[PDB]
Amino acid sequence: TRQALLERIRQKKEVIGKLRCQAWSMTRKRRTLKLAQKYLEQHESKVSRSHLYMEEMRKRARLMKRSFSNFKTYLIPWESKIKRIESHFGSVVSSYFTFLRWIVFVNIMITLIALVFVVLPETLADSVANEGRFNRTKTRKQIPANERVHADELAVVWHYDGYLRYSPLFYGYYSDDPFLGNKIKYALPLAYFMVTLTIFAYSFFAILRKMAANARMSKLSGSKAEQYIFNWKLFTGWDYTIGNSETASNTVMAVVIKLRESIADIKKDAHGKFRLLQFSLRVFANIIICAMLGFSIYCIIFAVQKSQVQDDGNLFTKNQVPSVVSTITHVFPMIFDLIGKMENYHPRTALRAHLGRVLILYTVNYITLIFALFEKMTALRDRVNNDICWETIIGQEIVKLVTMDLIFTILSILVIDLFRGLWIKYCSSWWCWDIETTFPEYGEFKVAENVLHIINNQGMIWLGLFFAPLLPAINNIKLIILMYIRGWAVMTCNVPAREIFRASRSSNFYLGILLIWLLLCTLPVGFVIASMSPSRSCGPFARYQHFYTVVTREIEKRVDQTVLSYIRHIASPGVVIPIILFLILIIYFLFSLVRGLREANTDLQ
Amino acid sequence: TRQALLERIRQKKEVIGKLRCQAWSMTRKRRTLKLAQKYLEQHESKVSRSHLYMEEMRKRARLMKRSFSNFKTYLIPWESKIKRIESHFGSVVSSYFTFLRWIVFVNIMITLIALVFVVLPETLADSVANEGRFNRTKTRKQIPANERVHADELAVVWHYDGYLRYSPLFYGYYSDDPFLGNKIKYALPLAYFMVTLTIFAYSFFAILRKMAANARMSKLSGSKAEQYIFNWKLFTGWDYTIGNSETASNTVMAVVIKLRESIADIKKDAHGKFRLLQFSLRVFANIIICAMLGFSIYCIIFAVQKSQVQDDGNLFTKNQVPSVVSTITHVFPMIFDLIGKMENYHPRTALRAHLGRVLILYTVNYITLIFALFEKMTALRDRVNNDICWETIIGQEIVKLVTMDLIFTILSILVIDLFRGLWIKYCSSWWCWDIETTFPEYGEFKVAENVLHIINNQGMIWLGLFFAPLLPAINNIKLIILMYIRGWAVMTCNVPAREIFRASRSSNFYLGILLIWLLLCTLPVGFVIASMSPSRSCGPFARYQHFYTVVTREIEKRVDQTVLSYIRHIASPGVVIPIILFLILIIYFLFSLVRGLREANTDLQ
Amino acid sequence: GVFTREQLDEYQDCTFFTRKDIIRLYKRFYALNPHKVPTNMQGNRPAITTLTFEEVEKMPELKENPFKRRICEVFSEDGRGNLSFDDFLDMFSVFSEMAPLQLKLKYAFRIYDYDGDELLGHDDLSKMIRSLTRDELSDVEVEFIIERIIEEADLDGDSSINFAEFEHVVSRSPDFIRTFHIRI
Amino acid sequence: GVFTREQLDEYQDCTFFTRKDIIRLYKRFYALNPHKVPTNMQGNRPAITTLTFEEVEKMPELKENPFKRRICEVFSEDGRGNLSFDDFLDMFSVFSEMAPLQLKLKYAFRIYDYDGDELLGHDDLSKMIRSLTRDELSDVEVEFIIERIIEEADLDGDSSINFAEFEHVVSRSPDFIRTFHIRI
Amino acid sequence: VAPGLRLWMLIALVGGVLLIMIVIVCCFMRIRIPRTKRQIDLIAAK
Amino acid sequence: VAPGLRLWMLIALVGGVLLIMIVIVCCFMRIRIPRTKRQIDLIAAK
Ligand SMILES: CC(C)CCC[C@@H](C)[C@H]1CC[C@H]2[C@@H]3CC=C4C[C@@H](O)CC[C@]4(C)[C@H]3CC[C@]12C
Ligand SMILES: CC(C)CCC[C@@H](C)[C@H]1CC[C@H]2[C@@H]3CC=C4C[C@@H](O)CC[C@]4(C)[C@H]3CC[C@]12C
Ligand SMILES: CCCCCCCCCCCCCCCC
Ligand SMILES: CCCCCCCCCCCCCCCC
Ligand SMILES: *[C@@H]1O[C@H](CO)[C@@H](O)[C@H](O)[C@H]1NC(C)=O
Ligand SMILES: *[C@@H]1O[C@H](CO)[C@@H](O)[C@H](O)[C@H]1NC(C)=O
Ligand SMILES: CCCCCCCCCCCC
Ligand SMILES: CCCCCCCCCCCC
Ligand SMILES: [Ca+2]
Ligand SMILES: [Ca+2]
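- Per the deposited record, the coordinates in this entry were obtained by cryo-EM to a resolution of 3.09 Å.

Here's what the structure looks like:
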């Protein structure tokens, strides 16, 4: 009796919930919706009180969720911009802009987290500081009269010295007082530590949630695919977003070309050729590429080393590491592509090799930059012993790197896209060779390189946000400027590519690279927190021998010593190492198990 | 030309390789085999020299593998025994015996590993010791004249004192000389450390290889199953191994049962009932079970504590911890089953609950035993400071536990199976109640409990093989005796169960439990090696401040100090902890991803 | 506001849209032809307010689509050669990015079939290839392409793909949900 | 030794057995009936050395099997109601534990079908149920069981399971490779 | 023969030889204690 | 107005106002530098 009524109510509710995902006309959908609604209305009296309350609160929650979604849609920006870019250039060009907008949202969330709990309480405490205060923090929040005059030198400002050094943007500006004041008792050093931890935790959580949403629904059925060449190139051969005439003609030509070499390659199936000249060229290219990578390492190390001055001896030569890093990052991919063109591989394998080389260059440069910066900081601290502020200095280095990267990206957009396009338009009639159809054709969008730029910049932000609390706040403006300049450049100066390939034809490729970068960037921060010791005249951790002490000092205030000593044996090397080895072995064997299961899932279908 | 010839040769070779896995008559199989052989013989001249050499060495390797398999089959024991047990009792009873035979093979491999590289070199060095030797090792290999008389007391021998203490069976017997002798230069402490590491590595490798072989082939298609009740209970309702009349009739009755309550349950689909008496009985059972678990913990702790004597004050009371542990392990499951019978659950959920409670009891008892032993060893070492030998003492404790477990298993087999069966046969005519059909029906095999006994014993062997090198050698005899006694008991005293259920109907359930036990047992050995310090008058590590030093002392002999200091920063807490957290997060999210993929694999079929 | 709420709740329950999307699509529909679309649109008017196929195909999102006629025909109401507001909402809720893979696959199959017999015949394949390519491939090339597609996408030997095999073969394409998308 | 090697290589290439298994099975076959099996068995004699169905069904591993007749019939050679050494080797190489899941599934399907039309009809299901149960379930119970099995195991609406659906449904059983096993 | 230093070896030797004899005896025998269900039903019917 | 302490602010202000004016100008404009492939083919044919 009651069981059948409950089952019928559940079935009707399930039908109502999944109503939109069915291919019915609006009249049929309305008919089914009204029928189920009347059924539920007449059957609501059959269930007990608990079921009635459960259904009522579920309906209230659904109504609140719908209202929240309706209000949230009003605040999504850059809808028409991405719509126009999609219509003109395609759906693989607009992937970069959707990725950038998601990155903007993540950065805004990080900014709010670091602004509600750290910057705002400190500023409010500073504004109400009495005579008793303002003297314990004068050495860190007030610029000395010795250097106050030289605060505006166009080299002090460009290096974030002067007033910016004594601004909430940097670690050393924040007081180490255990409490903000009476009647409030806000622990600011604990807020600092917890906010730095929470930002990394939320970054991991958001990246993994996006990955799960994109994999469990979008590409869940996309896995375990075998062959299916012609059907893939035909049924998914037309981009439905394109609403431009020239782009449509280009797409038609691309489909024709794809099918033509598809049948051409499937026809002969004969692959016999061996030219010593081609192999020699390939090995020469692979050698010169490694030579350029080594040159990049040596240049980065030299640039870091030569900036050995801390006092204002000279500033036209101190600012060379951000310039060198930006120049390498923004120029070497072009040479990589030139060498790949000389190599003469298949376009897909050439693109994959270029992406792999760019990724290797980026990772190697980032690693050597971290090692050089850490060695420089260690040497400076050793030579120091008026104590220096290595955290504020590291924050300044990262902020300068980010700013110079923005400047170089703007210059690259202005030169490669705008000026080259103008030169081709107004000078191809009488040039020595036909540039309009030659190697510098007209300019094209590079989705993968630009996404790697975004990922590298976000890694730089994650690395240095512990020392520069307002680095995500600056990154917000940088990302907004980047979105606008990229949109304008692609709309005005670029032409749609004849055919553009994808690295793995997945949306989680870049998310996975971003997650790997997040791990790579959280390792040195954890090492700094666990190993290095704070400065005694800087920041909120100036009263402790380690960065984590402010946490443990409060853990020991509630936990006994005996149980703490018992727990402290879980961090033994002889317990961690077998656990790490077990995780490695289980991952290695589960890898083969999962690959076999995925391969056999399609076979059993 | 050559490509087509190579493709045809490869196809013919693939057909020959997969010939047995096709359902053809032997005439057809012979025809195809001869045709392909003649084709390959006539086509071998078309390929180049490299392909010819590759095929020739592949054929030679295949012939050697076939000859090795033919020779290996001759050495597999207990074929007829397991065949008879399978014919009489079924294919779920014989799973225990196949598992035990595999465990015997693994233990024999471990014995050979620990016997070739440790015991034999030491014995050979001892037998050829000159006047210069035999004095540095007399304090550990020769029983003192003070205690030589009292070596045979039936309590000194029963506790593995006397000559057994000064035997290769224990850690303290082995000399700490860096080299066995001249013209050979065999490092025995390094052999000891490497053998202890290799045994655990090989145990992990063998368990994981067995798990992979059972999952990638047997149960690969067995995953992603949904409902299919009647077809499972009908097409897999007959055990094809059974060749006994009474067992066949029992199986027919069991199938009729299964089908009858299958249709009965699927018919009504009505589940409405709530008796306060039944719920009170269930909660009382769950409370008394936890009370018995707490009693087990308290008894184990008291038994370990009360054995506080090291000198021979009394030995009729020192040997109580192995007796207490064995009594708990071998008696508490019976009470668990009695309380489960009182609980009156469904047979499958009752069996699952009983298995879970037994597993919890075993794990809790093992953990508290380890903690009590470690605390006792720490207290003894603290009170000592003629230095005591805590490693040999721990080895003695583990060996005594294993021996008493064997004795208790033999007694349980003799009482529960033999004497109960004789009593029922010769006394059911005139008893007060019909015992032959009542609660003690006639006796049945318990596959899960016996497999858990095997797993627990192997965990005890893994835990104490670092301190007792010849513990696997003793376990060989113990396992052979167990196989013979279990086979005889099941053949003579037990009756086939009316219907016997399985925990998860998988062969990798017990292997997974064994792997978890291996991890649980390698954790404290690693902790001992990393944290604890050796004895200065015992074993091969008496010249070092740690157990691992003999390894690192040789690593520092080939690696520079600067690079070693650079490497020593990988073991920072601030690098390990983020890595552990990242592995935890990736496992948690990949769990949902894998569960969704497995669920959708069947849907997409 | 101007419109009754109950219509908006019904549209949200049936489609993937919110109130802002409904209002924007209504403004676009009115701007398509202000003469045939009244300002106040309360009641059963959405079922009777109708536009021809030319006006809907005139829009930029559909103008360059080779299958614009098929897209207009699949979502068409009972009236032939006509599209109403409900048809507009169906078309732009199916095509949106938030739509699930199953709906996209099913409506793509319905679009790619011209006769409408739930079977992807040889003539439908040839017509759609010649529509996508604009008669640039040779006849022999088209025949070869259709032969290969039939060989690698037909399992029952019917020489005509159906819903099941089409869904099995193109739902594992990593470019289908990226391509089959219209933003509006 | 006594036998030519080439026969042993052929048997190992065709079956799952080794030389010891071949020799043991030859001894068992000879002990089944020494009069109809010669000592020296070189050449085409295994194809002509034969035994009846009763002798093979007398063996303990097959005596209690309800489908002993079906097992003997499936592996039978061109001759009807007879089994040769090659049939013996087929039977005991298919049934062994080392056999793959596919071979076990295929030969189990061939065993469970009495008519032999590659289709699991209703009469085959009823006959096999009554053979397994020994006529203890009621007729209504048998009809109900067959109806549920058809409902949950037939997807084409043919009221008769075939190779594909049977293999799909009973290959995910965690008790099939454990049950479908004969040790010898 | 001291009870605590020589008697237990004699007892162990006697027990070991008796155990070996018993094991060898039960090696060439096929005892089967429980009776089949048919015999149990016949006894119950009486 | 020292060149190193007051001139650069004036230069930056001039550059900033010029940049704002340029951005606003290019905000209400729809420039498109490259020519379509039809025009390129027509020019090549001449
Ligand atoms: C909630 C999400 C956004 C994370 C925000 C950071 C959290 C973890 C931080 C920010 C501010 C912190 C609080 C700051 C001050 C106090 C008062 C005192 O009793 C010590 C602990 C306590 C209560 C801190 C607990 C941790 C805290 C709440
Ligand atoms: C190979 C498998 C079975 C593992 C066996 C244990 C291995 C790792 C052990 C056992 C014996 C050990 C060797 C014993 C003696 C020597 C001589 C000297 O130069 C030190 C190292 C060296 C060469 C040891 C290296 C490690 C070693 C080879
Ligand atoms: C494949 C990338 C090639 C990029 C080539 C960029 C050329 C930039 C030339 C800039 C010319 C500016 C002056 C124009 C004079 C009319
Ligand atoms: C459910 C397990 C019950 C186990 C009961 C074991 C009873 C053992 C009785 C032993 C009797 C031995 C003396 C026989 C006298 C004829
Ligand atoms: C402010 O700082 C000065 C530094 O000399 C100190 O003398 C004074 O006491 C401080 N403020 C107070 C508490 O008056
Ligand atoms: C043997 O040990 C004795 C102990 O006193 C020692 O004196 C003697 O030197 C040793 N052997 C040798 C080297 O003679
Ligand atoms: C430095 C020479 C290139 C090294 C990196 C090559 C990466 C290739 C990636 C291919 C992935 C399929
Ligand atoms: C101590 C009361 C029992 C606690 C353990 C119960 C384990 C149940 C396992 C069920 C697995 C499906
Ligand atoms: Ca058709
Ligand atoms: Ca049939």
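### Section: the overall build of chain E
Logical step 1: Helix and strand counts for chain E come out as 2 helices and 0 strands.
Logical step 2: Principal-axis analysis of the C-alpha atoms places the extent of chain E at approximately 60 × 25 × 10 Å.

### Quick word on the pattern of salt bridges
Logical step 1: Evaluation of the coordinates by the stated rule reveals 61 salt bridges over all chains.
Logical step 2: The partner of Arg133(B) in a salt bridge is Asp177(B), and the shortest N-O contact between them spans 3.7 Å. Here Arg133(B), found in the loop between α5 (94–127) and α6 (138–141), pairs with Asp177(B), found in the loop between α7 (145–148) and α8 (188–218); they are 44 residues apart in sequence, far enough to count as distant.
Logical step 3: Among the ionic contacts, a cluster of salt bridges with common partners joins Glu122(A), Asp126(A), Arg133(A), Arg136(A), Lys141(A), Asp177(A) and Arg543(A).

### Overview of the site of ligand 7
Residue and element names in this part refer to chain A.
Logical step 1: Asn286, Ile289, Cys290 and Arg357 make up every residue found near ligand 7.
Logical step 2: Coverage of ligand 7 by the protein chains reaches 49% of its 410 Å² of free accessible surface.
Logical step 3: Element by element, the count of residues in the shell around ligand 7 is highest for helix α11 (residues 276–306), at 3 residues.

### Observations regarding the UniProt feature "disulfide bond" in chain A
All names here are of chain A.
Logical step 1: UniProt pairs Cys389 with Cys538 in a disulfide, and the structure agrees, placing their sulfur atoms 2.0 Å apart, under the 2.5 Å limit. Placement of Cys389 in the loop between α13 (347–384) and α14 (390–427) and of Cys538 in the loop between α17 (508–531) and α18 (549–555) is noted, with a sequence separation of 149 residues between them.
Logical step 2: Taking relative accessible area as the criterion, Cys389 reaches 7% and is therefore assigned buried.

### So, helix α12 (residues 321–343) of chain A
Because an α-helix packs 3.6 residues into every turn, residues spaced three or four apart end up facing the same way.
Residues and elements named next belong to chain A.
Logical step 1: Between its first and last C-alpha atoms α12 spans 32 Å; for 23 residues at 1.5 Å apiece the expected length is 33 Å, and the two agree.
Logical step 2: Approximately 30 degrees is the largest bend angle found in α12, and it occurs at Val331, with the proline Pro333 only one to four residues beyond.
Logical step 3: A positive phi of about 60 degrees marks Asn344, the residue just after α12.

### Quick look at the UniProt feature "transmembrane region" (unreviewed entry) in chain E
Logical step 1: Per the UniProt entry, the sites bearing "transmembrane region" (unreviewed entry) are residues 7–29 of chain E in this numbering.
Logical step 2: Secondary structure within residues 7–29 of chain E divides into 83% helix and 0% strand; the distance between the first and last C-alpha atoms comes to 33 Å.

### Here we look at the coordination of the calcium ion (ligand 9)
Logical step 1: Bound to the calcium ion (ligand 9) are the protein donor atoms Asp115(C) (OD), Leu119(C) (O), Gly121(C) (N) and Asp124(C) (OD), situated 2.4 to 3.2 Å from the metal.
Logical step 2: Judged by its relative accessible area of 27%, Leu119(C) is partly exposed.

### Comments concerning the site of ligand 4
All names here are of chain B.
Logical step 1: Neighbouring ligand 4 are the residues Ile416, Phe419, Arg420, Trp423, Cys427 and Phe439.
Logical step 2: Notes on ligand 4: free accessible area 520 Å², of which the protein chains cover 53%.
Logical step 3: A breakdown of the residues in the shell around ligand 4 according to their chemical character gives 5 nonpolar, no polar and 1 charged.

### Structural notes on the coordination of the calcium ion (ligand 10)
Logical step 1: The coordination sphere of the calcium ion (ligand 10) contains the protein donors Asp115(D) (OD), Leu119(D) (O), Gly121(D) (N) and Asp124(D) (OD), at a distance range of 2.4 to 3.0 Å.
Logical step 2: Positions of the donor residues of the calcium ion (ligand 10), expressed as sequence spacing, correspond to D-x3-L-x1-G-x2-D.

### Considering the interface of chain F and chain A
Logical step 1: Contacts between the two partners involve 11 residues from chain F and, on the opposite side, 21 residues from chain A.
Logical step 2: Between chain F and chain A the total buried area reaches about 1500 Å² when both faces are included, carbon and sulfur atoms providing 61% of it.
Logical step 3: The three residues of chain F that bury the most area against chain A are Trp8(F), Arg32(F) and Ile33(F), which together make up 43% of that side's buried surface.
Logical step 4: The interface formed by chain F and chain A includes 1 salt bridge.
Logical step 5: Between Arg35(F) and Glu436(A) there is a salt bridge; the shortest N-O distance is 3.9 Å.
Logical step 6: Where chain F touches chain A, the interface holds 4 residue pairs in polar contact.
Logical step 7: Among the residues making up the side of chain F that touches chain A, the classes are represented as 6 nonpolar, 2 polar and 3 charged.

### Looking at the state of the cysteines
Residue and element names in this part refer to chain B.
Logical step 1: In total, this model carries 2 disulfides over all chains according to the counting rule given.
Logical step 2: Each disulfide pairs two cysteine sulfurs, and for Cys389 the partner residue is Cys538, the sulfurs being separated by 2.0 Å.
Logical step 3: Residue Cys432 stays outside any disulfide, its sulfur separated by 11 Å from that of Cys427, the closest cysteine.
Logical step 4: Overall, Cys432 belongs to the exposed group, its relative accessible area being 74%.

### A few points about the side chain of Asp86(D)
Logical step 1: Considering the arrangement of structural elements, one finds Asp86(D) in helix α7 (residues 85–94).
Logical step 2: With relative accessibility at 8%, the residue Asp86(D) sits in the buried group.
Logical step 3: Polar contacts involving the side chain of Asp86(D) include one to the side chain of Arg30(B), which spans 3.1 Å.
Logical step 4: Setting aside its immediate chain neighbours within four residues, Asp86(D) contacts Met26(B), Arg30(B), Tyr11(D), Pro46(D) and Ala47(D).

### Quick word on the interface of chain C and chain A
Logical step 1: Contacts between chain C and chain A engage 66 residues on the former and 61 residues on the latter.
Logical step 2: Considering only residue class, the side of chain C that touches chain A consists of 32 nonpolar, 12 polar and 22 charged.

### Description of helix α10 (residues 139–153) of chain C
Logical step 1: With 15 residues, α10(C) should cover 21 Å at 1.5 Å per step; its first-to-last C-alpha distance of 21 Å lies within 8% of that length.
Logical step 2: Burial in α10(C) covers these residues: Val142(C), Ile145(C), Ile146(C), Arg148(C), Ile149(C), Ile150(C) and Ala153(C).
Logical step 3: The secondary structure elements touched by the buried residues of α10(C) are α9 (229–235) and α10 (245–268) of chain A together with α9 (122–133) and α11 (163–170) of chain C.

### Here's the deal with the packing of helix α8 (residues 188–218) of chain A against α17(A)
All names here are of chain A.
Logical step 1: The contact between α8 and α17 brings their axes to 10 Å, and the two run at 160 degrees. Relative to α17, the element α8 lies roughly antiparallel. For the pair α8 and α17, the crossing hand works out as left-handed. Along the contact surface, α8 presents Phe193, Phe200, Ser203, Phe204, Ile207, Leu208, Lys210, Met211, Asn214 and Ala215, while α17 presents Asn508, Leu511, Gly512, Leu514, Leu515, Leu518, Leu519, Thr522, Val525 and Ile529.
Logical step 2: Partitioning the contact of α8 with α17 into residue classes produces 14 nonpolar, 5 polar and 1 charged.

### Considerations on a positive patch on the surface
Residue and element names in this part refer to chain A.
Logical step 1: On the surface, a cluster of positive charge is contributed by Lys185, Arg553, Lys557 and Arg558.
Logical step 2: Here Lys185 lies in the loop between α7 (145–148) and α8.
Logical step 3: According to the relative accessible area criterion, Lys185 is exposed, its value standing at 57%.

### Here we look at the domain arrangement of chain A
Logical step 1: What the domain assignment reports for chain A is domain 1 (2–73), domain 2 (80–114 + 189–268 + 387–558) and domain 3 (560–605).
Logical step 2: One C-alpha centre belongs to domain 1 of chain A, the other to domain 3 of chain A, and the line joining them spans 44 Å.

### A word on unusual backbone geometry
Logical step 1: Even without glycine at this site, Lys224(A) takes up a positive phi of about 60 degrees.
Logical step 2: Within the element layout of this structure, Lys224(A) appears in the loop between α8 and α9.
Logical step 3: Of note, the phi angle at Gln227(B) is positive, near 55 degrees, even though the residue is not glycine.
Logical step 4: Looking at the secondary structure, you find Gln227(B) in the loop between α8 and α9 (229–235).

### Some words on the packing of aromatic side chains
Logical step 1: Scanning the entire structure with this criterion turns up 91 aromatic pairs over all chains.
Logical step 2: Between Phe109(D) and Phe163(D) the ring centres are 6.3 Å apart and the planes differ by 85 degrees, which places this aromatic pair in the edge-to-face class. On the criterion of sequence distance, the pair formed by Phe109(D) in helix α8 (residues 101–112) and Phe163(D) in helix α11 (residues 163–170) is long-range, its members being 54 residues apart.
Logical step 3: One residue, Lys185(A), lies across the ring of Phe179(A), its end atom 4.2 Å from the ring centre.
Logical step 4: The ring centre of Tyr74(B) lies 5.5 Å from the NZ or CZ of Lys20(D), which sits over that ring.

Analysis parameters
- Residues numbered from 1 in each chain as written, not as in the entry; some residues may be left out.
- Chains lettered and ligands numbered in written order.
- Heavy atoms only, no water.
- Residues with missing side-chain atoms left out of burial classes, pairs and counts.
- Helix = DSSP H or I, 4+ residues; strand = E, 2+ residues; numbered from the N terminus.
- Salt bridge = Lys/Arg side-chain N within 4 Å of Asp/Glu carboxyl O.
- Near = heavy atom within 4 Å.
- Areas by Shrake-Rupley, 256 points an atom, 1.4 Å probe, with all protein chains shown as cover.
- Disulfide = S-S within 2.5 Å.
- UniProt positions renumbered as here; feature names shortened; annotations may be inferred.
- Buried < 20%, exposed > 50% of the residue type's maximum accessible area, 1.4 Å probe, protein only.
- Expected span 1.5 Å × (residues − 1).
- Bend = angle between axes of the 7 residues up to and from the residue.
- Donors = N, O, S within 2.8 Å, 3.2 Å for Na, K, Ca; no water.
- Nonpolar A, V, L, I, M, F, W, Y, C, P; charged D, E, K, R; others polar.
- Contact = heavy atoms within 4.5 Å.
- Buried area = accessible area lost by both parts, 1.4 Å probe.
- Polar contact = N/O pair within 3.5 Å; in protein donor to acceptor, adjacent residues only side chain to side chain.
- Axes fitted to C-alpha atoms, helices over the stretch in contact; angles between N-to-C directions.
- Parallel < 35°, antiparallel > 145°, perpendicular 65-115°, else oblique.
- Left-handed = near helix turned anticlockwise from the far one by under 90°.
- Patch = residues over 30% accessible without salt bridge, like charges linked within 9 Å, V, L, I, M, F, W, Y side chains within 5 Å.
- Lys, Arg positive; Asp, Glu negative; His and termini not counted.
- Charge placed at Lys NZ, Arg CZ, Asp CG, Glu CD.
- Domains from an automatic or database assignment.
- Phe/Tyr/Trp six-rings, centres within 6.5 Å; stacked < 30°, edge-to-face > 60°.
- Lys NZ or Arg CZ within 6 Å of the ring centre and 35° of its normal.

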